[PDB]
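In what follows, every chain begins at residue 1, and chains take the letters A, B, ... in the order their sequences are listed. Computation of the quantities below employed the complete heavy-atom set of this structure, encompassing side-chain atoms and omitting hydrogens, waters and symmetry-equivalent molecules.
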There are 4 protein chains.
Amino acid sequence: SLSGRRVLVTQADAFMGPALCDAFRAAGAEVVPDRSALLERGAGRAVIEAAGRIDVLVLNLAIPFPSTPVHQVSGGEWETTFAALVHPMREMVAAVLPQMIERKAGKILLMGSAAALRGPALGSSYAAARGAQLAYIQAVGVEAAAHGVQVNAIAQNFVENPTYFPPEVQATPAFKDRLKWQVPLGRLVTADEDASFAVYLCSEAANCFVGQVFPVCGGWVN
Amino acid sequence: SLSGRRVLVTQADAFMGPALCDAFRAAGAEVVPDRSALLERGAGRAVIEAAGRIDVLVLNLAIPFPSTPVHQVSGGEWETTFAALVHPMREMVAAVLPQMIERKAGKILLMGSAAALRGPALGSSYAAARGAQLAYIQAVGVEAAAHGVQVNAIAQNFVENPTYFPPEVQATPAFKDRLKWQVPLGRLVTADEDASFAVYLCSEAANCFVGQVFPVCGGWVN
Amino acid sequence: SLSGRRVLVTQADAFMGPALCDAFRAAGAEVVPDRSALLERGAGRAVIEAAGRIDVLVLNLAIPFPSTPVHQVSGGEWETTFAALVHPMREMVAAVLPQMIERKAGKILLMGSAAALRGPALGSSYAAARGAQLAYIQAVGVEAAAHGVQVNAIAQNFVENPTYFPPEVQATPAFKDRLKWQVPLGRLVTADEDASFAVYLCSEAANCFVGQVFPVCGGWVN
Amino acid sequence: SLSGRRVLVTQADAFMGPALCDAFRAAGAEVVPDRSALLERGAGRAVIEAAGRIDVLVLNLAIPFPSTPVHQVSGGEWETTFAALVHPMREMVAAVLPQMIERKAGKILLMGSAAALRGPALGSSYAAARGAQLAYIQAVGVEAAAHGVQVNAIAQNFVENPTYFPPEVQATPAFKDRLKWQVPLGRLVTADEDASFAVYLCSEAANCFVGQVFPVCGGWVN
Ligand SMILES: [Cl-]
Ligand SMILES: [Cl-]
Ligand SMILES: [Cl-]
Ligand SMILES: [Cl-]
């Protein structure tokens, strides 16, 4: 039971935010659903500082999937991708660790992307940002293990959510075929399956997981 | 809740068997703790057939870790390793799937070894058998996903258990150093952490996992 | 240059054998193309012993891809799969290592399968055998590194060869679609690309690779 | 033979640059050894544009390994790490692809880091940048495969080179022990082994490799 624990969930209305908030409420936690814009220097530090005590930080972060060929990407599209997905992650982790290290206890979970694990044919700058996320979480988890703090990542794809798999995507035949030929599960991971796994990864039972990346994508990548 | 579900656990007194049985009892399941010897042709089929209805099959299988250099291994040591770890796994999976396919529901979990994922310097025939286990579970999970049956594997090492990490091993300095230099967790995974993860992997929340190998080894392998 | 080196290639008329033999001839090696049946106990030891000095052992091993659902596989089909792919590999490695250890030099390369890395929907017993191969080669490579002997594996799929990708397979529409949706390369790896990589892995330049599995499958698995 | 081919190697005096330049000269290529500072916006585009025809782009990029705990890293140290390792990689790939796509032929090889694959206990911002590199190269390789261009990465560690493994590091006892307990090879990969593998990956024999990450670290990671 995550009873009387404070769980902050970023971009709570987007990506996995809704399901995460529901799931952490049902487990009995005090959920702080942050909707702040995170693009500006210092914004992520501000979210953490405004919250006071954090027991669990769930980095739910997302942008629309860019469609740009790799040679026509601007330096600005690139730096926007990293300003949305990468720089806030670092600000928030660095702001929240000190209190978890002091308490010798705490949970950080990244809701990252399997596009860092299996290259896409059009999301080159998206894939780069998501890879920065995964490698950072790995390194921070190894660091923080020494202090009793667990930092881990989900690497997901083909999960039902409004940002990357809304119904309009699901109706396209390209998606139909991507499921047939690439997803052994043969269906989308439901938002609630994903969020229950997140809850497990933020429980004491999961104190043995430090710096680990868990793929959640119906067998699309293993 | 795994309420009124039948969970069969092989070699229940060895390796992870005790912790698994405790954990599945606490989740409210009817636990069948099998202690049969499995070496003989047909023995594993007999265990499954004697049990009648299986909702969850947990393949807890183990032998002592052999110390033999690769060029001095006999054909008989080899075939004994496979007769203990591999052939019973196949008999039991093939015996239990038909009822799970008919019910369009069921769970198979292999308690396998990370030695299949990171080569050891002396367990060549042990590592081969454990690799057969992992690749089989992968293939069977992809097959059975079509029928609503989830077949997955834990790939573990550095978990507290009497077979591979009894106190005498823990006192040796080679182990002291293996933890220091190879296990980011800095301690053994407890038997109960491992068994709780097994329970989660055999719950409905985990219906999204088919044919997946989950490393459970404190960051020894990722 | 592999000049005046003896390179033994098993099942030389099947799978990658032709291309391997051509490629190792062109690099200037003395190629021993073995066509022996390997099913019987002792057959693989006999091949190695008949050859005298081996500098490079290339374990090219294959059987037809079985089509059997996992629950209808017989114990005999299973043990035949392992008798063709697994037990000869062990006999031959254990027979050839002593002379390589004495010379503090030598190369063993397994031509294995990516089906051990990504579960297939019908090759459950084939996938198990191929996984035993990969995990064994990993463990033996870690052992033999101490002696200056390099033991490695290719894990291949979607390579042009008469056993798994003859023209009749290539014409089917299921294959057409498997390439479209699963092989980033968009074509089969040619036999000569595969064999050149094998030659590189058996050169001195590759003395840094011990117990490593190299996927060769056009991005099907990474 | 890489005869009469132009091969540009970035930071040619640092990291793997010397060995790469020697190795590509010996294979008969016209080597362009660039020593430019790459930190400024547009600098990498300038290097590519000044070179005219590029047949092979070898992204040799490096900075000193930072020693900073994750919670004391400044936003500026972070953005400097990415400005040295990540933003120039993108500028140079996007500048050089158009001519390779037009020629339906070309090679890009990243000299990346296994620290993206196995989290370090102090290089959190270094690990993040190196992960961005690997995921980007993966995505670009999948994109460019359609055009006959091969984009791949080496993910290395424990290679002899002045930047990360100079003699002073090699004498420390922490390194002594890291080899003993973590590197199955039991020695450093030589610079020339690493560079020969780079040359192979930029040859036609390697046209089957698109978007693939090859670990080169003596078995430290697999
Ligand atoms: Cl998703
Ligand atoms: Cl264990
Ligand atoms: Cl193949
Ligand atoms: Cl290095």
Quick check on the interface: out of D/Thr190, D/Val216, D/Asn207, who has the most heavy-atom pairs with chain C under 4.5 Å? D/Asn207

For chain C, which of D/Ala206, D/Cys208, D/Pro184, D/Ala145 has the most heavy-atom pairs under 4.5 Å? D/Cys208

Aromatic rings C/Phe65 and C/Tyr126: how do their planes relate, parallel, tilted or perpendicular, breaks at 30° and 60°? tilted

Is a side-chain N or O of D/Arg130 found less than 3.5 angstrom from the main chain of D/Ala128, in a donor-acceptor match? no

Which of the residues C/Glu143, C/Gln212, C/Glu193 is involved in the greatest number of heavy-atom pairs with chain D at under 4.5 angstrom? C/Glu193

Contact leader toward chain C among D/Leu185, D/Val189, D/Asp192, where contacts are heavy-atom pairs under 4.5 Å: D/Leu185

Take atom CZ in D/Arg45; do more than 12 heavy atoms of anything else shown fall under 6.0 Å from it? no

Between C/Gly219, C/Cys217, C/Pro215, C/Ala195, which has the largest tally of heavy atom pairs under 4.5 Å with chain D? C/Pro215

Do the ring planes of D/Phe197 and C/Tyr200 sit parallel (below 30°), tilted (30 to 60°) or perpendicular (above 60°)? tilted

Heavy-atom distance under 4.5 Å to chain D: side chain of C/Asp194, backbone, both or neither? neither

Kindly say whether the aromatic ring centers of D/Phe15 and D/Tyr164 come within a distance under 6.0 Å. yes

Pick from D/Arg187, D/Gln138, D/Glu204: which one has the most heavy-atom pairs with chain C under 4.5 Å? D/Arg187

For D/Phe165 together with D/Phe175, are the ring centres under 6.0 Å from each other? yes

